[PDB]
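Text of run_15.txt, listed as compact mmCIF, C-alpha atoms:
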# COMPACT_ATOMS: atom_id res chain seq x y z
CA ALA A 210 147.77 -28.40 239.64
CA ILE A 211 150.13 -25.71 240.90
CA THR A 212 148.36 -22.45 241.67
CA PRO A 213 149.97 -19.53 239.81
CA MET A 214 150.71 -16.23 241.51
CA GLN A 215 148.44 -14.13 239.29
CA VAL A 216 145.74 -15.21 236.83
CA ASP A 217 144.19 -13.35 233.90
CA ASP A 218 141.28 -15.47 232.65
CA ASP A 219 140.80 -13.59 229.40
CA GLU A 220 143.93 -13.37 227.15
CA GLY A 221 145.16 -16.20 229.34
CA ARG A 222 148.04 -15.26 231.62
CA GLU A 223 149.64 -17.26 234.43
CA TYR A 224 152.54 -15.81 236.40
CA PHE A 225 155.29 -17.54 238.36
CA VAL A 226 158.45 -16.56 240.26
CA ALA A 227 161.84 -18.24 239.77
CA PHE A 228 164.62 -17.85 242.35
CA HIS A 229 168.11 -18.07 240.85
CA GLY A 230 171.43 -18.38 242.62
CA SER A 231 173.50 -15.89 240.57
CA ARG A 232 175.41 -18.48 238.52
CA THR A 233 172.34 -19.44 236.54
CA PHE A 234 171.20 -15.81 236.66
CA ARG A 235 174.16 -14.48 234.67
CA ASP A 236 173.66 -17.15 232.00
CA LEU A 237 170.00 -16.16 231.74
CA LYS A 238 170.52 -12.41 231.24
CA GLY A 239 173.73 -12.73 229.25
CA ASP A 240 172.90 -15.15 226.46
CA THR A 241 173.44 -14.08 222.85
CA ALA A 242 169.76 -14.30 221.97
CA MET A 243 166.93 -13.18 224.31
CA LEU A 244 168.99 -10.08 225.29
CA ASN A 245 167.55 -7.83 222.59
CA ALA A 246 164.17 -8.51 224.22
CA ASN A 247 164.81 -5.88 226.89
CA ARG A 248 166.42 -3.27 224.65
CA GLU A 249 164.04 -3.45 221.68
CA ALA A 250 160.77 -3.86 223.60
CA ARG A 251 161.41 -1.61 226.61
CA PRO A 252 160.76 2.15 226.45
CA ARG A 253 163.74 4.43 225.89
CA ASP A 254 164.25 5.21 229.58
CA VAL A 255 167.51 4.97 231.50
CA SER A 256 166.37 4.76 235.12
CA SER A 257 163.99 1.83 234.56
CA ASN A 258 165.82 -0.44 232.12
CA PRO A 259 167.33 -3.58 233.72
CA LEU A 260 169.89 -3.74 230.90
CA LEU A 261 171.71 -0.62 232.13
CA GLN A 262 170.65 -0.89 235.80
CA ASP A 263 170.33 -4.60 236.59
CA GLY A 264 167.55 -6.17 238.63
CA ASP A 265 164.85 -8.77 238.26
CA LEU A 266 163.56 -9.36 234.76
CA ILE A 267 160.30 -10.69 233.34
CA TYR A 268 160.18 -12.84 230.21
CA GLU A 269 157.31 -15.07 228.94
CA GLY A 270 155.30 -14.41 232.08
CA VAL A 271 157.80 -15.61 234.71
CA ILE A 272 159.67 -13.22 237.02
CA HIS A 273 163.35 -14.02 237.59
CA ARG A 274 164.54 -12.95 241.04
CA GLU A 275 168.18 -13.29 242.12
CA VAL A 276 169.06 -14.71 245.54
CA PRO A 277 172.87 -14.70 245.98
CA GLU A 278 172.87 -17.06 248.98
CA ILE A 279 171.89 -20.16 247.02
CA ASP A 280 175.55 -20.52 245.99
CA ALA A 281 176.50 -20.67 249.67
CA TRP A 282 173.89 -23.38 250.27
CA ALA A 283 174.50 -25.51 247.19
CA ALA A 284 178.30 -25.51 247.39
CA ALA A 285 178.16 -27.10 250.86
CA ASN A 286 175.88 -29.93 249.68
CA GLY A 287 178.15 -31.14 246.88
CA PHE A 288 176.76 -29.49 243.75
CA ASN A 289 180.22 -28.33 242.65
CA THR A 290 180.64 -31.94 241.53
CA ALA A 291 178.14 -34.71 240.61
CA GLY A 292 177.15 -33.64 237.14
CA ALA A 293 177.89 -35.30 233.82
CA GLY A 294 181.63 -35.80 234.09
CA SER A 295 181.85 -34.09 237.52
CA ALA A 296 180.65 -30.66 236.37
CA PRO A 297 179.18 -27.99 238.67
CA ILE A 298 175.39 -27.72 238.64
CA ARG A 299 173.00 -25.35 240.40
CA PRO A 300 169.30 -25.57 241.30
CA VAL A 301 166.57 -23.21 240.11
CA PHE A 302 163.31 -23.07 242.08
CA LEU A 303 160.22 -22.19 240.04
CA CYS A 304 157.54 -21.72 242.67
CA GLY A 305 153.87 -20.81 242.53
CA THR A 306 151.59 -20.05 245.48
CA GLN A 307 151.65 -21.51 249.02
CA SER A 308 154.86 -23.46 248.58
CA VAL A 309 156.39 -22.96 252.06
CA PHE A 310 154.38 -22.65 255.27
CA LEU A 311 155.50 -20.48 258.20
CA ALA A 312 154.16 -21.11 261.70
CA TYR A 313 154.75 -18.30 264.20
CA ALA A 314 154.50 -19.01 267.92
CA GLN A 315 156.55 -16.10 269.30
CA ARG A 316 157.95 -13.00 267.62
CA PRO A 317 161.64 -12.24 268.35
CA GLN A 318 161.98 -10.49 271.71
CA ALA A 319 165.02 -8.93 273.37
CA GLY A 320 166.21 -8.80 276.97
CA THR A 321 169.20 -7.87 279.11
CA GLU A 322 170.73 -9.02 282.39
CA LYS A 323 173.26 -7.76 284.94
CA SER A 324 175.10 -10.96 285.74
CA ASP A 325 177.91 -10.77 288.31
CA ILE A 326 176.82 -8.02 290.75
CA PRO A 327 174.17 -5.38 289.86
CA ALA A 328 175.97 -2.83 292.06
CA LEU A 329 179.51 -3.48 290.79
CA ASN A 330 178.66 -3.40 287.07
CA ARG A 331 181.28 -5.97 286.09
CA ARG A 332 179.23 -8.03 283.64
CA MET A 333 176.17 -7.74 281.40
CA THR A 334 174.47 -10.07 278.91
CA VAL A 335 172.04 -9.21 276.11
CA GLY A 336 170.02 -11.82 274.25
CA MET A 337 167.15 -12.55 271.89
CA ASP A 338 164.70 -15.45 271.67
CA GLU A 339 162.26 -16.86 269.09
CA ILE A 340 159.79 -19.73 268.55
CA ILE A 341 159.20 -20.52 264.86
CA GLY A 342 158.82 -23.42 262.43
CA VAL A 343 159.51 -23.50 258.68
CA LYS A 344 158.50 -26.36 256.38
CA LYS A 345 157.97 -26.89 252.66
CA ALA A 346 154.35 -27.57 251.70
CA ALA A 347 154.02 -31.30 251.04
CA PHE A 348 150.83 -33.31 250.48
CA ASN A 349 150.64 -37.04 249.62
CA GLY A 350 154.40 -37.22 249.13
CA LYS A 351 154.43 -34.46 246.51
CA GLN A 352 155.65 -30.87 246.37
CA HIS A 353 152.64 -28.59 246.57
CA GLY A 354 153.94 -25.57 244.69
CA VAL A 355 157.61 -25.93 243.69
CA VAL A 356 159.20 -27.10 240.43
CA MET A 357 162.90 -27.85 240.94
CA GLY A 358 165.26 -27.49 238.00
CA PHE A 359 168.92 -28.41 237.66
CA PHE A 360 171.15 -26.68 235.11
CA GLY A 361 174.87 -26.87 234.44
CA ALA A 362 176.47 -23.68 235.74
CA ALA A 363 180.17 -23.68 234.85
CA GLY A 364 181.10 -20.74 237.06
CA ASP A 365 183.72 -19.07 234.89
CA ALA B 158 200.37 -15.02 250.14
CA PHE B 159 198.06 -12.37 248.69
CA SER B 160 196.56 -15.11 246.58
CA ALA B 161 195.09 -18.01 248.62
CA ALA B 162 193.85 -15.34 251.04
CA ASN B 163 191.57 -13.58 248.55
CA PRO B 164 190.07 -16.31 246.32
CA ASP B 165 186.69 -14.53 246.09
CA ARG B 166 188.12 -11.09 245.26
CA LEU B 167 190.79 -11.84 242.64
CA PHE B 168 189.44 -12.41 239.15
CA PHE B 169 191.95 -13.64 236.59
CA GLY B 170 191.08 -14.37 232.95
CA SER B 171 188.30 -16.67 234.13
CA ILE B 172 187.33 -18.40 237.36
CA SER B 173 188.71 -21.62 235.87
CA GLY B 174 192.09 -19.83 235.77
CA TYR B 175 192.49 -19.04 239.46
CA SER B 176 195.68 -20.28 241.09
CA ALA B 177 197.18 -20.06 244.56
CA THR B 178 200.48 -18.80 243.13
CA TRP B 179 200.54 -15.33 241.60
CA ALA B 180 202.79 -15.96 238.60
CA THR B 181 200.75 -18.94 237.40
CA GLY B 182 197.48 -17.04 237.81
CA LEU B 183 198.69 -14.27 235.51
CA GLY B 184 199.74 -16.96 233.04
CA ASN B 185 196.14 -18.16 232.62
CA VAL B 186 194.75 -14.97 231.06
CA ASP B 187 194.82 -15.18 227.27
CA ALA B 188 195.14 -12.43 224.70
CA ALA B 189 191.67 -13.41 223.42
CA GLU B 190 190.08 -13.02 226.87
CA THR B 191 189.41 -9.31 226.40
CA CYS B 192 187.15 -7.03 228.42
CA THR B 193 183.60 -7.44 227.15
CA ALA B 194 180.44 -6.46 229.02
CA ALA B 195 179.66 -10.09 229.89
CA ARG B 196 182.88 -10.52 231.92
CA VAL B 197 182.59 -7.35 233.98
CA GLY B 198 179.22 -8.70 235.12
CA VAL B 199 181.14 -11.65 236.56
CA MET B 200 183.16 -9.24 238.71
CA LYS B 201 179.95 -7.64 239.99
CA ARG B 202 178.76 -11.12 240.94
CA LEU B 203 181.94 -11.78 242.95
CA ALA B 204 181.35 -8.49 244.77
CA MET B 205 177.83 -9.54 245.81
CA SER B 206 178.85 -12.96 247.19
CA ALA B 207 182.05 -12.17 249.09
CA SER B 208 182.46 -13.87 252.45
CA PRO B 209 183.02 -10.56 254.17
CA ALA B 210 180.55 -8.49 252.19
CA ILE B 211 181.60 -5.49 250.11
CA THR B 212 179.42 -2.45 250.73
CA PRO B 213 177.97 -1.09 247.47
CA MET B 214 177.97 2.60 246.66
CA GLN B 215 174.18 2.96 246.46
CA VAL B 216 171.44 0.57 247.58
CA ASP B 217 167.79 0.34 246.55
CA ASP B 218 166.13 -2.22 248.85
CA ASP B 219 162.97 -2.58 246.81
CA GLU B 220 163.50 -3.60 243.12
CA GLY B 221 166.94 -4.60 244.36
CA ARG B 222 169.75 -2.41 243.04
CA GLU B 223 173.42 -2.37 244.03
CA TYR B 224 175.82 0.05 242.36
CA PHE B 225 179.58 -0.13 241.92
CA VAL B 226 182.32 1.86 240.17
CA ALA B 227 184.97 0.33 237.90
CA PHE B 228 188.15 2.22 237.03
CA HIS B 229 189.58 1.29 233.62
CA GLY B 230 192.93 2.17 232.13
CA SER B 231 191.86 3.08 228.57
CA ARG B 232 193.03 -0.16 226.91
CA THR B 233 190.29 -2.19 228.54
CA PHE B 234 187.95 0.80 228.20
CA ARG B 235 188.02 0.84 224.40
CA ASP B 236 187.29 -2.90 224.28
CA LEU B 237 184.33 -2.37 226.60
CA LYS B 238 182.63 0.42 224.62
CA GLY B 239 183.62 -0.89 221.20
CA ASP B 240 182.49 -4.51 221.19
CA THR B 241 180.13 -5.71 218.45
CA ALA B 242 177.34 -6.52 220.87
CA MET B 243 176.43 -4.34 223.91
CA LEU B 244 176.93 -1.19 221.76
CA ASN B 245 173.31 -0.96 220.63
CA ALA B 246 172.46 -0.68 224.33
CA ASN B 247 173.28 3.03 224.35
CA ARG B 248 171.75 3.91 220.99
CA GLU B 249 168.47 1.97 221.28
CA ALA B 250 167.75 2.64 224.97
CA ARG B 251 168.96 6.24 225.30
CA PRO B 252 166.71 9.18 224.40
CA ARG B 253 167.23 10.82 221.00
CA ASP B 254 169.46 13.60 222.33
CA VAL B 255 172.84 14.62 220.95
CA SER B 256 174.42 16.51 223.84
CA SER B 257 173.90 13.73 226.40
CA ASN B 258 174.63 10.51 224.48
CA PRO B 259 178.03 8.94 225.28
CA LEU B 260 178.01 7.26 221.87
CA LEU B 261 178.50 10.57 220.04
CA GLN B 262 180.19 12.44 222.91
CA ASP B 263 182.18 9.86 224.89
CA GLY B 264 182.37 9.68 228.66
CA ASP B 265 181.61 7.26 231.46
CA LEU B 266 178.91 4.71 230.76
CA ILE B 267 176.56 2.70 232.97
CA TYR B 268 175.56 -0.87 232.13
CA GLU B 269 173.97 -3.52 234.43
CA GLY B 270 174.30 -1.22 237.43
CA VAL B 271 178.07 -0.60 237.35
CA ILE B 272 179.58 2.75 236.32
CA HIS B 273 182.66 2.55 234.09
CA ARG B 274 185.04 5.46 234.65
CA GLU B 275 188.20 5.92 232.57
CA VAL B 276 191.51 6.78 234.23
CA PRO B 277 194.22 7.17 231.54
CA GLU B 278 197.15 6.98 233.99
CA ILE B 279 196.75 3.28 234.77
CA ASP B 280 198.63 2.52 231.54
CA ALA B 281 201.56 4.56 232.85
CA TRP B 282 201.51 2.62 236.12
CA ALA B 283 201.00 -0.89 234.75
CA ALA B 284 203.56 -0.65 231.95
CA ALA B 285 206.32 0.06 234.48
CA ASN B 286 205.45 -3.00 236.59
CA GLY B 287 205.75 -5.53 233.77
CA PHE B 288 202.18 -6.05 232.57
CA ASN B 289 203.19 -5.63 228.91
CA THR B 290 204.43 -9.21 229.26
CA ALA B 291 203.55 -12.08 231.65
CA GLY B 292 200.29 -13.24 230.17
CA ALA B 293 199.50 -16.49 228.40
CA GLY B 294 202.29 -16.63 225.86
CA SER B 295 203.74 -13.24 226.93
CA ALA B 296 200.69 -11.15 226.03
CA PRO B 297 199.92 -7.69 227.45
CA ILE B 298 197.35 -7.61 230.25
CA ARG B 299 195.80 -4.73 232.19
CA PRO B 300 194.08 -4.52 235.59
CA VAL B 301 190.51 -3.37 236.21
CA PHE B 302 189.55 -2.22 239.71
CA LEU B 303 185.91 -2.79 240.68
CA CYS B 304 185.59 -0.97 243.98
CA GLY B 305 182.73 -0.43 246.40
CA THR B 306 182.72 1.82 249.47
CA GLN B 307 185.61 2.68 251.84
CA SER B 308 188.30 0.94 249.82
CA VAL B 309 191.18 3.42 250.34
CA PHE B 310 191.72 5.47 253.50
CA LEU B 311 193.23 8.97 253.46
CA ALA B 312 194.80 10.44 256.59
CA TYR B 313 195.41 14.19 256.50
As structure tokens, please, write out the structure in this file.
Amino acid sequence: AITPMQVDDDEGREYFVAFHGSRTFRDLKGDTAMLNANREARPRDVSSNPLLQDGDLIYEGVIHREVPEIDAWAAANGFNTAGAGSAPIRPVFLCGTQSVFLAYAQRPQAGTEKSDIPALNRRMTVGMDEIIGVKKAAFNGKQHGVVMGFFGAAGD
Amino acid sequence: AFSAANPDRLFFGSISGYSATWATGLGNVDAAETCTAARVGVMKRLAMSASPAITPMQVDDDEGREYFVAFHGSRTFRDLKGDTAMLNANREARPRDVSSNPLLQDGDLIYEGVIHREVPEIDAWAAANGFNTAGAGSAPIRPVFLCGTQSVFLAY
């Protein structure tokens, strides 16, 4: 079982977060149906409505967050082809809790150097250094907390 | 040469109508590809995934908000505020007030985080440069300028 982000035991509620890549995010908030859900069920307020002032949007218990840099990733790996009839597709990542682990060994630290001669200030070098490791949570050959989904994003 | 140098900043009738030559790219916009509120959201998406990034006018880091300003030329501005959908957005989500509603007392209008300002003198400019022809099948087209921050310099 995939652990949800927030549980309500009574009136049973399980919450998840989906990360879109802006070409499946415009098809999700711009469909002909399901668009009167956030103008007929939201309060009559201008500064909080994501219809007039766009943002993330919740529907059926899942929060839809936009990450624009998934188009930069997925175009380089060949998702602009390899669909049905060579159509562009994009991935959608529905993730729960503890899906990616992060192991910190050293926080990023800065430092400077006077290279050529410290008296005749002809050269200087600044730099920054880090020790880190990032890995998706995997146990017994299975994804621990991710559900991957592939949809056909035309990109018009 | 202005095309095939800005492929992520020029939006013709659709993204499937981009061309490296300018005269062919203006021949791919139909007379039925009018300015609805679902196609201006495509232009906001191109402004958030440009390879040198376009600075938005106002940023909210939490609940992520990025604001832009679009300048219409009154023939794409009446198609934007007069479409069959997206018109109950400013009568079902605005407060019941007469002197502030742009449905009864027209003005600029905000939708999905972009402000739509009308400039009536873009019709006088674009008619003199031949935009009343040179569409798909010699149809009239008009330009819409979605601009961010520091787009025109002024030297006094």
Requested in this report: Output the contact residues of chain A with respect to chain B at a cut-off of 9 Å, based on all atoms listed in the file, as a PyMOL selection string.
Outcome: chain A and resi 231-232+235+239+241+245+248-249+251-255+258-265+277-278+280-281+363-365
**Report entry** Ref. answer, residues at most 7 Å from (165.3, -11.8, 274.1) with only C-alpha atoms, as a ChimeraX atom specification
**Finding:** /A:317-320,336-338
**Report entry** Interatomic distance (Å, one decimal) between atom CA of residue A:347 and atom CA of residue A:233
**Finding:** 26.2 Å
Requested in this report: Give me the residues within 7 Å of residue A:332 as number ranges by chain, counting all atoms listed in the file and dropping any in the same chain fewer than 5 places off.
Outcome: A: 323-325
Export of prior selection with C-alpha atoms as a JSON list (two decimals), in the frame of the given file:
[["chain", "number", "residue", "atom", "x", "y", "z"],
["A", 323, "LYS", "CA", 173.26, -7.76, 284.94],
["A", 324, "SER", "CA", 175.10, -10.96, 285.74],
["A", 325, "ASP", "CA", 177.91, -10.77, 288.31]]
Query raised in the report: Within 12 Å of (156.2, -20.3, 256.5), in the coordinates the file gives, what residues turn up when you count all atoms listed in the file, written out as a VMD selection string?
Result: chain A and resid 306 to 314 341 to 346
May I have the residues from that selection written out with C-alpha atoms, as a PDB file, in the coordinates of the input?
ATOM      1  CA  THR A 306     151.590 -20.050 245.480  1.00  0.00           C
ATOM      2  CA  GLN A 307     151.650 -21.510 249.020  1.00  0.00           C
ATOM      3  CA  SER A 308     154.860 -23.460 248.580  1.00  0.00           C
ATOM      4  CA  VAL A 309     156.390 -22.960 252.060  1.00  0.00           C
ATOM      5  CA  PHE A 310     154.380 -22.650 255.270  1.00  0.00           C
ATOM      6  CA  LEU A 311     155.500 -20.480 258.200  1.00  0.00           C
ATOM      7  CA  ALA A 312     154.160 -21.110 261.700  1.00  0.00           C
ATOM      8  CA  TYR A 313     154.750 -18.300 264.200  1.00  0.00           C
ATOM      9  CA  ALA A 314     154.500 -19.010 267.920  1.00  0.00           C
ATOM     10  CA  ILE A 341     159.200 -20.520 264.860  1.00  0.00           C
ATOM     11  CA  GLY A 342     158.820 -23.420 262.430  1.00  0.00           C
ATOM     12  CA  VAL A 343     159.510 -23.500 258.680  1.00  0.00           C
ATOM     13  CA  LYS A 344     158.500 -26.360 256.380  1.00  0.00           C
ATOM     14  CA  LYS A 345     157.970 -26.890 252.660  1.00  0.00           C
ATOM     15  CA  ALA A 346     154.350 -27.570 251.700  1.00  0.00           C
TER      16      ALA A 346
END
**Report entry** Nearest to residue B:305, chosen from B:180, B:188, B:162, B:216, with all atoms listed in the file counted in the distances
**Finding:** B:216
Query raised in the report: Nearest to residue A:274: which of A:295, A:219, A:334, A:225 is it, counting only C-alpha atoms?
Result: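 Of the candidates, the smallest distance to residue A:274 is held by A:225.
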**Report entry** 12 Å contact set for residue A:287, all atoms listed in the file, chain neighbours under 4 positions out, as a VMD selection string
**Finding:** chain A and resid 280 to 283 291 to 292 295 to 300
**Report entry** Proximity to residue A:221 - best of A:358, A:294, A:350, A:270, all atoms listed in the file
**Finding:** A:270
Query raised in the report: Nearest to residue B:214 among B:303, B:312, B:296, B:167, with distances taken over only C-alpha atoms: which residue is it?
Result: B:303
